[PDB]
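Shown next as structure tokens: one chain only, the form deposited in one PDB entry.
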């Protein structure tokens, strides 16, 4: 009958677009959504599940991020009615997620295949697993090309932090390309480069991550890695419905990201 959803009302890209996929897939299978937004607290996560079990909910999707320690918090051990996690901790937990490492490899290998060696990284905030996995993908793509990691500076997902980080990198312009760990930070990188009089991609190539709707309209249109958030929520409903009507715990589904090539990359200049 009904499906519960717990989420966070944040301005970061992803959650609201996942919810569109949940709305679209649940309505197609005859289900309605029971939305209960929470904060970033484990106690509010648990008692949202209790208050959504109060109404006749046949299954609940968790979009609020937890950890790689969901089981060791009396969150998965206590939750035996059908729950799917939109986070990365599968020791037996049915999850669905985007392959962040693979996405960062796509972005970095795109630049390596163009001839770039000095690919700097504007990495995401340390307390996000997605950020840490994207740095690992960038580092290992470079290592497998025989190259040491160039400069890294950490932002916080905002355009402001991408601008500030790029300005610091430009004190030592030892790079021909910048991989920015999301599209918003990439926007700030582009402003720092343009302020310096540097052309994109003629002087410096730039790649982002997310494929937010605005990224095709940056100057220049941004090559980026698409997270298909709507498909993430649709596969969250599809995975949950096997456990509503009764089936085995499925393998943790991993959505491969896609590189969207636009106008912000080129071979390095001579």
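In this text, rigid core is short for the largest set of C-alphas that superpose within 1.5 Å between two forms. Positions refer to the first chain, counted from 1.
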Between 214-222 and 66-74 (mean CA B-factor, as deposited), the higher: 66-74
As stated in the PDB record, which stretch has the larger average Cα B-factor, 166-174 or 123-131? 166-174
Looking at 79, 146, 149, 137, which has the highest Cα B-factor in the entry? 79
Sort 83, 200, 142, 187 by C-alpha B-factor from the entry and give me just the highest. 83
Just say lowest, middle or highest third for the CA B-factor of residue 97 relative to the other modelled residues in its chain. middle
Entry-reported Cα temperature factor of residue 227, expressed as the chain third it lands in: middle
By the record's CA B-factor, is residue 50 among the lowest, middle or highest third of residues in the chain? highest
Where does residue 104 sit by CA temperature factor within its chain: lowest, middle or highest third? lowest
Ranking the modelled residues of this chain by C-alpha B-factor as given in the entry, is residue 235 in the lowest, middle or highest third? middle
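Another form, the form deposited in another entry, is not on view; read the next lines as being about it.
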Is the shift of residue 247 between this form and the one not shown large enough to count as movement, that is, does its C-alpha move by 2 Å or more after the core is superposed? yes
After the core is matched up, is the C-alpha of residue 228 off by 2 Å or more between this form and the one not shown? no
Is it true that residue 206 shifts between this form and the one not shown by 2 Å or more at the Cα, once the core is aligned? no
